[PDB]
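Q:
Numbering (the entry's author numbering), first residue to last: 1 to 299.
(1) Can you tell me which of the three DSSP states residue 27 falls into?
(2) Count the other C-beta atoms from every protein chain shown that fall within 10 angstroms of the C-beta of residue 5, then say buried if there are 16 or more, exposed otherwise.
(3) Could you round the C-beta distance between residue 214 and residue 109 to whole angstroms and report it? I think they count as a contact, below 8 Å.
(4) Where DSSP assigns a beta bridge to residue 21, which residues make up the other side?
(5) Tell me the DSSP bridge mates of residue 211?
(6) Provide the residue span of the beta strand (DSSP E) that contains residue 135, from first to last.
(7) Between the alpha carbons of residue 189 and residue 125, how many angstroms are there, rounded?
(8) Residue 56 by DSSP, collapsed to three states: which one?
(9) Helix, strand or coil for residue 94, going by three-state DSSP, please let me know.
(10) Quick check: the Cα distance between residue 29 and residue 18, rounded to an integer number of angstroms?
(11) Once the 5 residues before and after residue 33 are set aside, which same chain residues still bring their CB inside 6 Å of it?
(12) With a CB to CB cut of under 6 Å and the five nearest residues on each side skipped, what residues in its chain are close to residue 269?
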């Protein structure tokens with residue numbers, strides 16, 4: 001449409017690396033003082049990835065309100081996301097406290113628990129119906145209710161209970177399981193199929209708290225997911241696949257959490273996804289069915 005004009009110009013020039021570096025240079029820099037406090041060192045998975053103070057999610061907790069998570073509030077698009085690191089063995093209780101307090105309906109997980117032979121995330125949800133999890137520190141109970149395993153992703157229905165009030169909520173867990181260890185999944189199709197499954201579930205809707213999105217660090221895959229969703233939403237709202245400037249949207253997002261989109265491959269993939277998703281937005285409803293086919297979710 002026009003981002004596709006730029007896309008081809010950048011591809012012709014082989015200048016993705018440089019484009020991406022420009023983003024790094026212009027991106028916001030805000031303080032992360034709370035994240036860096038000594039009492040919080042064991043709450044951070046990576047020393048170089050911290051939430052800004054101004055946008056961090058606070059736990060409604062006495063003693064220590066810290067979790068490595070940022071509220072990304074997209075004003076024009078009217079969508080908010082919580083991006084967070086993959087929970088640590090000691091922060092799983094905090095993670096579910098956050099989901100409860102922020103009134104989230106959905107959790108989007110873009111990594112596997114083990115990648116490249118090391119642990120990228122704690123096993124923070126129950127794998128079997130009959131073996132529920134209790135997080136004593138935050139007094140929450142979590143039960144697997146059902147799971148639908150597809151080829152490239154798994155959807156789980158979970159029930160989260162506040163053990164204090166005995167109130168319960170249904171949380172949907174959307175787990176993209178096939179993001180490759182190294183090089184972006186060059187199928188915008190399965191990624192889009194997945195994004196549209198999350199949308200269809202109601203998890204992204206204004207009547208719920210912000211969706212929680214994470215990978216290992218909560219910036220790369222997570223950034224791609226949110227950037228694509230927001231760009232498509234903007235194009236939808238304006239119905240104009242030309243006014244939407246992806247680099248501009250990415251810079252706006254980076255006001256709320258550092259380092260979103262971790263390399264030139266992920267940036268180029270973000271363009272691809274938005275360009276392809278635009279077909280649906282602009283009236284070609286049959287493409288969603290085409291993605292589902294291309295995204296052989298049955299094997």
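Beta carbons: idealized from backbone N, C-alpha and C, even for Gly.
A: Reading from the atomic positions:
(1) Residue numbering aside, residue 27 sits at position 27 when the chain shown is read from its first letter. Three-state result, residue 27: coil.
(2) Within the chain shown, the letter at position 5 stands for residue 5. Under this definition residue 5 is an exposed residue.
(3) Start at 1 with the first residue of the chain shown, and residue 214 comes out as number 214. Start at 1 with the first residue of the chain shown, and residue 109 comes out as number 109. Right, their Cβ atoms sit about 6 Å apart.
(4) Residue 21 sits at position 21 when you count from the first residue of the chain shown. BP columns for residue 21 are empty, so no partner.
(5) For this step, residue 211 is matched to residue 211 along the chain shown. 81.
(6) As a position in the chain shown, residue 135 is number 135, starting the count at 1. That run of the beta strand (DSSP E) goes 133-135.
(7) Locating residue 189 in the chain shown gives position 189, counting from the first residue. Locating residue 125 in the chain shown gives position 125, counting from the first residue. If you take the alpha carbons of residue 189 and residue 125, they lie about 28 Å apart.
(8) Within the chain shown, numbered from 1, the residue matching residue 56 stands at position 56. In the structure shown, residue 56 sits in a strand (DSSP, three-state: E or B).
(9) Counted from its first residue, the chain shown places residue 94 at position 94. DSSP places residue 94 in helix when its eight states are reduced to three.
(10) Counted from its first residue, the chain shown places residue 29 at position 29. Counted from its first residue, the chain shown places residue 18 at position 18. For residue 29 and residue 18, the distance between alpha carbons rounds to 20 Å.
(11) Against the chain shown, residue 33 aligns to sequence position 33. Cβ neighbours of residue 33 beyond the five flanking positions: 53.
(12) Here residue 269 is taken as the residue at index 269 of the chain shown, counted from 1. Excluding sequence neighbours, residue 269 sits near 184.
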